[PDB]
């Protein structure tokens, strides 16, 4: 007999309905299940009719694996899924949040805070475009991005994953979505999922909702705000995401006024689905449903009931799939979760799969492999890094000659600091490892390498990581570039109540700037206590977490391009002011949102 869902010429909705009507309960619950590659096996995938896989942070086939190795891994999982009775392809997800960042040799773009500084939505769209290509280079069809959190407190360990404290800037940067997925048709209905085809990926607006509003920036905590505040700060960018056809939405670990987002039917079903008319699929965060309870996981049967009844479609288990499937199956068999709820989740999952062309192109394209780390994408990252830089100081007094831009020709120059020759540090979290890492973790150019690549051949470049004052004074240097700042972190590891950079950092800046005029490059995921750094420095640049292309930094330092970045966040005078955002009644910033000095290209 003719099988409608297998017919590529049929409308998505007909294909969805035709497939759904054929599915057993096990096949339906299987679709709703996302598992980590580390627990996946061909038998597991086949026997449990698994709908999706993911790589968590740092979950890779091998250290240094090529694009083809990733393709082979993903395809191996896909072959198993395609061998089921109905042959429903799995969708493979990954945190490609500043490039395809788990992957060795992938272009690493500036983190979102830096992108906010660019005020350039089209640049971000292009980044989305390049990111989709490098994700597809690895056979992966789904990126967990953009994070459209509006970070209202930089003590949050994920503040770097927010474009801004200003929702208007976050809204503008939702242009990442049509970059990743492709532009929606002119006829498009807001809330429908969209992916253009096999050279694009499904995107994910995360984390719904108010993830950036938690008390004291405590990760995964309580967002205490009235409905008006939630709706005017934390919600707006989700509506833009609907308008641009975002395929999926991930739920936040956080709570709203003490209500776990993963158990919030009013917001997930009442608002996202029933008001915004979201028609893609809603996915949990990693063990997000376990974390509904205190302690986490102490009543998993409740977790499943609450989350599924709340309106979640796909669960990022990601390990204990047997318990998830068993419990959900029991709930359906006992009438606690109605078939209609299951049918809704599967309809949404399938709609996204059919829409993106997954049934027609379930396997990787080996011709895409060379998109990974492709030089054009690095040139784009280099542009973004440069645009992201915020110049905070350029001369100690009103009558001083501006230090920047620096001349490329000088007898001898000093490059110094813990962050001057450390690729891992300049990339920050979500790079190679979940938490990021130190040193030469991938392909890129450090600030020191960038300096050496930029200067006149007659310019002697000296590197000293932590030179003492005497070395500097005796060195015969024309000037110094000194780079310091935060170490890589991700999620809760980044929560920080004092926001002072680790030492040696300040001490190195003081020692260097004491001996020669200095340009201080601050690498951070957020504003940090900066007055002492400012006081020591002739010039100081907030470079955020600029990624693999350190030449973006030197492009501005040496005057190939003028500084144009403007603060996307308030720079506080002290942490005891926090939270403190633009528009507050008591607004007393060191630098207001939007501040930035400029230079002209030499």
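Residue numbers count along the first chain shown, from 1.
Trainee: Mean CA temperature factor from the deposited coordinates, higher in 210-218 or in 174-182?
Mentor: Mean C-alpha B-factor is greater for 210-218.
Trainee: Could you check the entry and say whether 253-261 or 197-205 has the higher mean CA B-factor?
Mentor: Per the deposited B-factors, the answer is 253-261.
Trainee: From 105, 229, 424, 357, pick the one with the largest CA B-factor in the entry?
Mentor: The listed residue with the largest C-alpha B-factor is 229.
Trainee: Among the choices 349, 413, 443, 225, identify the one whose CA B-factor in the record is greatest.
Mentor: Top of the list by C-alpha B-factor: 225.
Trainee: Could you look up the Cα B-factor of residue 393 in the entry and say which third of the chain it sits in: lowest, middle or highest?
Mentor: For residue 393, the deposited C-alpha B-factor lands in the middle third.
Trainee: What third of its chain, lowest, middle or highest, does the C-alpha temperature factor of residue 51 fall into?
Mentor: Tercile = lowest for this residue's CA B-factor.
Trainee: Looking at the temperature factor on the CA atom of residue 110, which third of the chain's modelled residues does it land in?
Mentor: Lowest third, going by the recorded CA B-factors of the chain.
Trainee: Ordered by C-alpha B-factor within the chain, which third holds residue 477? Give me lowest, middle or highest, please.
Mentor: Middle third, going by the recorded CA B-factors of the chain.
Trainee: Taking the chain's C-alpha temperature factors as the reference, tell me which third residue 337 falls into: lowest, middle or highest.
Mentor: Its C-alpha B-factor, which the entry lists for residue 337, ranks in the highest third among residues of this chain.
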